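Visitor: Just the first chains of my complex for now:
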Amino acid sequence: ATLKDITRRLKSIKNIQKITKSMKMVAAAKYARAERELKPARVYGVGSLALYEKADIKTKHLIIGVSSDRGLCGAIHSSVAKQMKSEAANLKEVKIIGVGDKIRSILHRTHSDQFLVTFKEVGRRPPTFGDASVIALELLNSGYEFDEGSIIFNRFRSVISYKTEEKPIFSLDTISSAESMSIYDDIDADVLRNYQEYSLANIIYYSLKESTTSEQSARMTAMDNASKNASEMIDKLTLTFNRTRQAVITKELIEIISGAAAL
Amino acid sequence: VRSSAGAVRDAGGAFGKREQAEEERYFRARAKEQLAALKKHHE
Amino acid sequence: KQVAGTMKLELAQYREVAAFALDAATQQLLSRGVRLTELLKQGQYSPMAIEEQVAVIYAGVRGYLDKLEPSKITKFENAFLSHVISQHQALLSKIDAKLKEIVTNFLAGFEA
Amino acid sequence: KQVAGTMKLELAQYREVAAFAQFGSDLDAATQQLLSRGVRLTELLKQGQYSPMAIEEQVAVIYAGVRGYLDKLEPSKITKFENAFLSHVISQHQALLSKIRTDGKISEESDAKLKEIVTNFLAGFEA
Amino acid sequence: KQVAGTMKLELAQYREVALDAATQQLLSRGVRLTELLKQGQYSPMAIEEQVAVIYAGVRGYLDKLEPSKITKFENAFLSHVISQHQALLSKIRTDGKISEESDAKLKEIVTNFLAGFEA
Amino acid sequence: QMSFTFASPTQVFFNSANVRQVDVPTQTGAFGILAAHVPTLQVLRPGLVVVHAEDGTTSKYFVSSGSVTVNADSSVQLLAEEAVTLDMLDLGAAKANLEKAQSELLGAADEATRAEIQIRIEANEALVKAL
């Protein structure tokens, strides 16, 4: 490469290094916050899971995939998308909801027909119950009547690890009166409906809080790796820069000396 | 230390070309939304 | 000047997004341009008449290859062009009312 | 030497965090303090052409920044404040500006005087 | 050749890449072998002492071991084969080869040595 | 002994804790919950929760809404959208918030918007009642 090409490239990658370093620190302070907020949210969300995990419940299927809109977080989106298509091929009428635009990006070419609705603006402000509520309301009052459903998301484990999991949504208000839920029998349909709705919000809230912690930690790591790779390139380019710099002085000077000797 | 804003575009490097396409994608989607909104303001 | 006029516009807009080469809706932004890029590929020692060039550019520019696998376009063009040269020499004549309807007649049936 | 010493420090601290202002939300109030000070002191370094300042005038506006009398003010308003504050002190506090010049330092009496002037000016700033 | 004729190959492959499959086990071998090739200044080794050290590593005995410990293994192992197994080293030197009787002898030395120290 | 779990999305008050009795403000009445309580599902109104402790007496919390689940085993999960100690609330604000909603009540000209006012009055009503 030319001296000008090297110089321009060096300046670009130095800029990339600075930004990825800054965004690593942003993700680190955001991750710390998510992991604090996850603590009570895990108690809450697991408490909402207690009903189904103390009773054998069986049975149009609804897949809700949860990630975000934001790139540079490793295999966060591919993971969830991989289990979305995997469970979709195993099921028998399937409709898909994606929360986080990156879900729709990966699945659209093959599963465009099966998409009910998409949600965006995920991964900018830490999710709230309001956000769970907004998704919840745009599913009940939308038009689709699902018999069963499942929500797919990244469950946080540590700074560097997460597991793609699936939770069931038996929210079909018809299935709440079956074999094992026979002991829960004095409730009128009005209150069961209110319960069913609230628990639908709880499980989506739970997925939102787990996903975000996993996404922020994975963002931290990706940016950390990006800036380490950039620094290595910078080191190598700087060496080429200095070699080339010296060689241009040398070359120029030999030309002028030849020009002088020839007179 | 030394000022360097816009160096990524200035390199015509992969990252440079990618960012240009990313801006264009964004603003073509905006134009679609804005021309429809302008159509419905037309009456 | 007609058909290359639209191709110049269509490729300039493409070049602005080309660098995307996952993709969400940036793919309607890529479609035409990718096909047109394949149509500007050309083998050696077979220079083409202006009317022959127009006929192939037309097929791309009027969006008749927008759903064909971009890798096939090379095969398509040669086969399509050979057939037009051999049997539709009358169509290559005077070089867009009758011509417009007659090209789509071949292109449709050809793209089997 | 008084005011510049601290301004040098706070700009050097700010220059390390300056990138975090343009993109950084969930950041601790400590680095938020450095960014707020920095963007404001930075505005005090702006100067139009052909208008050189008397040393005492420089130190009066720098004093305002380094003592924290701009910290609650909008960054877009700092130059408006500087111009207004300088007009105010020149018009009606020559005696304070003169002594700081003559002595070449800010005495404890001078600092107490300047402390009150900025406080009262700032209190009735945006009319 | 009987030892280095596989160690040479396992190290240019390793350099390139600097749970997973055979790609990761290339890295596991490469680190052990690298440590095995470390040597202090003014510490000459006769060719027979060299092959015995390389042997331990190249046959996969230190593959279960931790990379940090490789250096300590070599120093104690070498000084032990130097102390009592001069017969073995003599056999490898004079024959200029690792004979089947040397190969089986050494195999019993490394295996029994590997277990039996304080950590 | 019943393992009581009491949380909002943002706060935990009890996590599998042994309590004697929990009084709950419910959509249709009020439920007192003891260890040997029949399995039931239910949703909440704005009001107070009283937790009767293993040792001695009680502690008080204000709950906005949500659900209560009592199972075959003595596990009980109370899940409120908002839950606070009354130590956190301002009386002046809730009383001021009451008249703000009482003013919207006599002006709204839409069915769905009317209910959104009444719910807010009902909520502030209970807040003031507690405070």
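Guide: Everything's here; your move. Numbers count the residues shown, from 1 in each chain, chains lettered A, B, ... in the order given.
Visitor: got the residue ranges for the helices in chain C?
Guide: Assigned by DSSP state H, chain C shows helices spanning C:2-15, C:31-39, C:50-61, C:73-87, C:98-110.
Visitor: Give me the secondary structure label for residue F:94.
Guide: The three-state label given to residue F:94 by DSSP: H, G, I helix; E, B strand; the rest coil is helix.
Visitor: what sits against it?
Guide: Taking C-beta atoms under 8 Å, 6 or more residues apart in numbering or on different chains as the criterion, residue F:94 is in contact with F:124, F:127-128, F:131. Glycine gets a C-beta too; all of them are placed from N, C-alpha and C.
Visitor: Any of the residues you listed buried? List them.
Guide: Buried residues within the contacts of residue F:94, counting neighbours by 16 or more other C-beta atoms under 10 Å in any protein chain shown: F:124, F:127.
Visitor: Of the contacts of residue F:94, just say which sits nearest to chain B.
Guide: residue F:124 (39.4 Å; C-beta to the nearest C-beta).
Visitor: Quick check: which element contains residue 36?
Guide: With no chain named, the answer covers chain A. helix A:3-48 (DSSP states H and E).
Visitor: Oops, wrong one, chain B.
Guide: helix B:14-41.
Visitor: Next, see if that helix gets close to chain D.
Guide: No: Helix B:14-41 is not in contact with chain D by C-beta under 8 Å from any C-beta of the partner chain; minimum separation 15.4 Å.
Visitor: just to revisit the earlier point, which ones among the contacts of residue F:94 are found in helices?
Guide: Secondary structure from DSSP H places F:124, F:127-128 of those in helices.
Visitor: Helix, strand, or coil at residue A:124?
Guide: Applying three-state DSSP: residue A:124 is coil.
Visitor: can you add chain G next? sequence is:
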Amino acid sequence: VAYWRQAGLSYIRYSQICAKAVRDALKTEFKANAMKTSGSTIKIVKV
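Guide: Adding chain G to the chains above:
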């Protein structure tokens, strides 16, 4: 069928108003943790 359910509103919506009112009645000490909770970031995607 409560007054709000006949109006076409859900327990989700009912609960959201109830939750908001409990927050709007906090004092300037716990009110700081209104912000970090009670958001409206997520948006629907049509066309």
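Visitor: let's see the contacts of residue F:94 again after adding chain G.
Guide: Residue F:94 neighbours (C-beta under 8 Å, 6+ apart): F:124, F:127-128, F:131, G:25.
Visitor: Give me the distance between the residue nearest to residue B:24 when sequence neighbours are not counted and residue E:26.
Guide: Computed as C-beta to C-beta, 6 or more residues apart in numbering or on different chains, the closest residue to residue B:24 that is not its neighbour in sequence is residue C:16, at 4.7 Å. Here residue C:16 is placed at a distance of 44 Å from residue E:26 (C-beta to C-beta, to the nearest Å).
Visitor: how close does the residue most central in space within chain B sit to residue G:36?
Guide: The centre of chain B sits closest to residue B:23, judged by C-alpha atoms, centre = their mean, with a distance of 2.2 Å. According to C-beta to C-beta, residue B:23 stands 32 Å off from residue G:36.
Visitor: Next, see if the lengthiest helix in chain A gets close to chain D.
Guide: In chain A, assigned by DSSP H, the helix with the most residues is helix A:189-262. No: Helix A:189-262 stays clear of chain D (C-beta under 8 Å from any C-beta), getting no nearer than 9.7 Å.
Visitor: now that helix against helix A:3-48, angle please.
Guide: On the basis of axes from the mean of the first three to the mean of the last three C-alpha atoms, to 10 degrees, helix A:189-262 is oriented at 170 degrees to helix A:3-48.
Visitor: So the residue lying farthest from the centre of chain F: helix, strand or coil?
Guide: The centre of chain F is farthest from one residue, residue F:109, which by C-alpha atoms, centre = their mean lies 30.0 Å away. Look at residue F:109: counting by three-state DSSP, its state is coil.
Visitor: returning to what we had before: elements contacting the helix holding residue A:36?
Guide: Contacts defined by 3 or more C-beta pairs under 8 Å, 6 or more residues apart in numbering or on different chains; DSSP states H and E place helix A:3-48 against helix A:189-262, helix B:7-10, helix B:14-41, helix D:18-22, strand F:2-7, strand F:12-26, strand F:76-80.
Visitor: go ahead and place chain H:
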Amino acid sequence: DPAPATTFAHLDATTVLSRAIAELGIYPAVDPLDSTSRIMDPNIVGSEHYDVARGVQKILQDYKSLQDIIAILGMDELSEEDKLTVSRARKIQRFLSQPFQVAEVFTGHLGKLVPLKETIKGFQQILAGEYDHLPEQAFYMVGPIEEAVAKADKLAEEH
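Guide: With chain H added, the chains above now look like this:
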């Protein structure tokens, strides 16, 4: 290069053309952050002219810093304030383009001459946010600001 480098000292105004700008399709391909004039002074052109010129340059300079960030983060991830800086800077870049009478041969589009006060008003309005609702393409290759408003109207019909 020593030849053009030595030329700068001999000039009162410099119009610096840039290949990067021409390759974006902006003609004339003038670099707004590398063209200068000794009369660009509020005591000479007046404070309104000067303030709009320096505001345009500020947004285009801030835009450069944002492009580095976008190269990694993408557009959607930017704050609403930054997206607005990008939106406006892009409209400004394009409103700086202009069909030349002498270029009516390349494009077929009629040349345009814009009076000074019209030039100042248009950029003032863009920077103030008065056309945040129009697509950037409306500002490309026009004369005065009223042709942009009208171009947006043609494009809405063709949509």
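Visitor: The contacts of residue F:94 with chain H there, same question as before?
Guide: Per C-beta under 8 Å, 6+ apart, neighbours of residue F:94: F:124, F:127-128, F:131, G:25.
Visitor: Next, format those as a markdown table and append distance to residue G:8.
Guide: As requested, the contacts of residue F:94 are exported to a markdown table (distance: C-beta to C-beta, whole Å):
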| residue | distance to residue G:8 |
| --- | --- |
| F:124 | 23 |
| F:127 | 26 |
| F:128 | 29 |
| F:131 | 32 |
| G:25 | 27 |
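Visitor: Can you pick out the most distant pair from the residues you listed?
Guide: F:124 and F:131 (10.2 Å; C-beta to C-beta).
Visitor: now the residue nearest the centre of chain C, nearest residue through space, not along the chain?
Guide: Compute the mean C-alpha point of chain C, and by C-alpha atoms, centre = their mean the closest residue is residue C:60, 2.6 Å away. Closest residue to residue C:60 apart from its sequence neighbours, by C-beta to C-beta, 6+ apart: residue C:39 at 4.4 Å.
Visitor: Excluding residues flanking it in the chain, which one is nearest the most centrally placed residue in chain F?
Guide: With distances taken as C-alpha atoms, centre = their mean, residue F:63 lies nearest the centre of chain F, 2.7 Å away. If you skip the residues right next to it in sequence, residue F:63 has residue F:80 as its closest partner in space, 4.1 Å away by C-beta to C-beta, 6+ apart.
Visitor: Now for residue A:128: which residues touch it?
Guide: Contacts of residue A:128 by C-beta under 8 Å, 6+ apart are F:9, G:37-39, G:41.
Visitor: Quick check: of those, which has the highest neighbour count?
Guide: residue F:9 (30 neighbours; other C-beta atoms under 10 Å in any protein chain shown).
Visitor: Is that one in a helix, a strand, or coil?
Guide: coil.
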